[PDB]
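Before any comments, here is the structure.
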Amino acid sequence: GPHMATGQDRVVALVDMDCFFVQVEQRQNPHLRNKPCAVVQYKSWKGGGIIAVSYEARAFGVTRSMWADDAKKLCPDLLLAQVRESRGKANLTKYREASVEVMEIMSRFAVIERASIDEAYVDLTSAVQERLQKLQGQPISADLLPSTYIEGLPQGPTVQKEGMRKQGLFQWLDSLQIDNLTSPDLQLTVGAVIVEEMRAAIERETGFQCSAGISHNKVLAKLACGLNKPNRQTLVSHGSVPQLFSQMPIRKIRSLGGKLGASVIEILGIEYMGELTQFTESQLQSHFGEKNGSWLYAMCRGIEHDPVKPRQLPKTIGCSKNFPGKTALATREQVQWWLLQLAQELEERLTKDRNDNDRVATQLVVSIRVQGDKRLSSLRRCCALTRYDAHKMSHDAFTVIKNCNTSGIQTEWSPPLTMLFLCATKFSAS
DNA sequence: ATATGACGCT
DNA sequence: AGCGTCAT
Ligand SMILES: Nc1nc2c(ncn2[C@H]2C[C@H](O)[C@@H](COP(=O)(O)NP(=O)(O)OP(=O)(O)O)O2)c(=O)[nH]1
Ligand SMILES: [Mg+2]
Ligand SMILES: [Mg+2]
């Protein structure tokens with residue numbers, strides 16, 4: 001009871017850029033701003049595949065993984081920016097560089113864990129602590145939180161969004177107790193003040209807008225972030241969890257969006273996160289494993305312990321290209337030439353990485369997919385990465401996969417390869 | 001014909 | 001080491 005863990009020790013935030021690749025292209029091309037527009041890869045087959053969609057375009061039903069030609073049917077004025085194509089493949093350098101702009105600003109405020117090209121978690125516990133004494137028991141004005149939503153408020157005894165937002169924020173602040181600086185709700189509030197600052201600095205110094213979640217762990221902060229996208233941040237308190245989880249589909253929680261989430265729903269016969277609280281931890285472990293059972297028992301009560309790992313840089317550097325359908329590679333000459341094209345991009349990203357970040361990869365993973373296989377990878381092999389030489393890396397990669405060719409004729413390659421993937425890993429300081 | 005990054009299991 | 005899962 002007095003020994004009941006509530007998982008309120010940390011203040012964690014998740015910051016995620018709004019339609020990130022679109023904003024990168026809209027900063028560069030002012031004609032795309034404030035318009036329905038999308039970012040697409042390639043062009044020939046059906047206009048290219050969309051990977052990012054402005055909010056103006058989303059209102060017409062344009063989505064990620066839509067073909068651009070089909071998107072034009074939903075939204076005929078849709079504007080398109082195409083990903084740079086280098087050596088016959090996608091080249092994401094502009095967005096990787098834009099991403100570093102954002103990560104470097106966020107890193108001024110606290111320890112960040114890079115979670116993707118466009119989002120990072122941040123552990124605000126320390127900054128909240130020190131910011132709490134410098135404030136010296138002085139109230140927190142609603143002016144310090146001009147874009148914050150308090151999840152679950154307003155409640156109890158306007159028709160417009162901004163009015164609802166301020167009303168819930170007012171109720172939250174009014175009930176706030178400067179409670180020996182130990183109140184978890186006060187800590188979250190101060191955390192939300194800092195995230196307003198971080199988000200203002202990102203937008204001032206890059207032009208990019210973002211959303212954020214603020215809570216006590218990573219799962220709740222990431223969930224919170226998406227509740228009021230775009231250009232807003234959301235505070236999810238410990239006390240908001242029972243109502244929030246009571247109608248929250250299980251698949252919306254990070255790591256439950258795939259097979260494990262489906263077997264939770266199937267084996268237990270439930271739909272929503274809160275229904276997990278009925279079961280004992282042993283029950284959950286017996287269904288889902290000791291690790292998963294423990295994680296689910298705490299998570300459905302809003303408790304989660306994955307730490308914000310101090311990592312601002314990716315741990316692997318990789319490039320890949322799919323060869324779908326008729327384009328599947330069928331000759332040894334084709335396979336060799338695309339391993340070279342991949343190896344050449346990889347070399348120039350590794351070389352820039354070593355200069356920027358004082359490290360060298362030591363392992364090259366080669367990964368191929370053969371025609372007629374539903375998996376991301378059909379086969380994965382490794383070799384030593386001793387030199388950043390594109391010809392050496394592609395030739396080495398060919399060596400470790402060449403035995404996979406079950407072709408009697410020497411020039412041909414069967415079964416045809418529908419994917420090549422080169423990934424550099426196992427870094428050491430340089 | 002929906003590039004590429006982190007991590008668990010064995 | 002190699003394969004499977006989950007995600008943006
Ligand atoms: N090459 C490639 N890039 C992708 C893919 N999916 C996403 N991206 C790229 C493009 C994305 O812009 C970027 C970040 O992914 P999100 O945060 O999930 N979506 P966004 O930031 O656009 O919108 P909002 O966050 O407001 O919902 O990663 C993909 O399948 N392939
Ligand atoms: Mg985003
Ligand atoms: Mg994201």
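The chains referred to below are lettered A, B, ... by the order of the sequence lines, with proteins before strands, and numbering in each begins at 1.
- Checked by atom type and distance alone, the side chain of A/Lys72 pairs as donor or acceptor with a backbone atom of A/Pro76 at under 3.5 Å.
- At a cut-off of 3.5 angstrom, counting only N and O atoms as typed in the model, there is no donor on one side facing an acceptor on the other between the side-chain of A/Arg114 and the base of B/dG5.
- For the side chain to side chain contact (heavy atoms under 4.5 Å, CB included) with A/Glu119, the qualifying choice from A/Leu14, A/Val102, A/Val15 is A/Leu14, the only one to do so.
- Residue A/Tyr42 is classed as a sugar-phosphate contact, given heavy-atom separations below 4.0 Å to backbone atoms only.
- The side chain of A/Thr316 places an N or O atom within less than 4.0 Å of a non-bridging phosphate oxygen (OP1 or OP2) of B/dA6.
- Between B/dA6 and A/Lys315, no contact under 4.0 Å exists linking OP1 or OP2 to a side-chain N or O.
- Between the CG atom of A/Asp118 and the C1' atom of B/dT4 there is a distance of 14 Å, given to the nearest Å.
- The phosphate of B/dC7 (OP1 or OP2) has a side-chain N or O of A/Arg311 nearer than 4.0 angstrom.
- When atom types are taken as modelled, the side chain of A/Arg301 and the backbone of A/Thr277 share a donor-acceptor pair closer than 3.5 angstrom.
- Contact between the side-chain N/O atoms of A/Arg369 and the OP1/OP2 oxygens of C/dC3 is not found at any separation under 4.0 Å.
- At a threshold of 4.0 angstrom between heavy atoms, the contacts of A/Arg64 include nucleobase atoms, whether or not backbone atoms are also involved.
- If you find the closest nucleotide of DNA chain B to A/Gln41 and to A/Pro314, the one lying nearer the 5' end belongs to A/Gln41.
- Counting non-hydrogen atoms under 4.0 angstrom, A/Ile317 reaches the backbone sugars and phosphates but no base.
- The gap from the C1' atom of B/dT2 to that of C/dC6 amounts to 15 Å, rounded to the nearest Å.
- Map A/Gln363 and A/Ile253 each onto its nearest nucleotide of DNA chain C; the residue landing nearer the 5' end is A/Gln363.
- One N or O on the side chain of A/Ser99 and one on the backbone of A/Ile117 form a donor-acceptor pair closer than 3.5 Å.
- A straight line from CZ of A/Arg375 to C1' of B/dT2 spans 19 Å, rounded to a whole angstrom.
- Within the structure, every side-chain polar atom (N or O) of A/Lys259 is placed at least 4.0 Å from both OP1 and OP2 of C/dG4.
- Contact annotation for A/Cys423: no contact, since no heavy-atom pair falls under 4.0 Å across all strands.
- Contact annotation: A/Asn322 side-chain N/O to B/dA3 OP1/OP2 distance is under 4.0 Å.
- The aromatic ring of A/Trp67 does not sit over the base of B/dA1; the criterion of centres under 5.5 Å apart with planes under 30° is not met.
- Toward the 5' end of DNA chain B, the nearer of the two residues A/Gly325 and A/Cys319, judged by each one's closest nucleotide, is A/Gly325.
- Note on A/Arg96: a side-chain N or O is less than 4.0 Å away from OP1 or OP2 of B/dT4.
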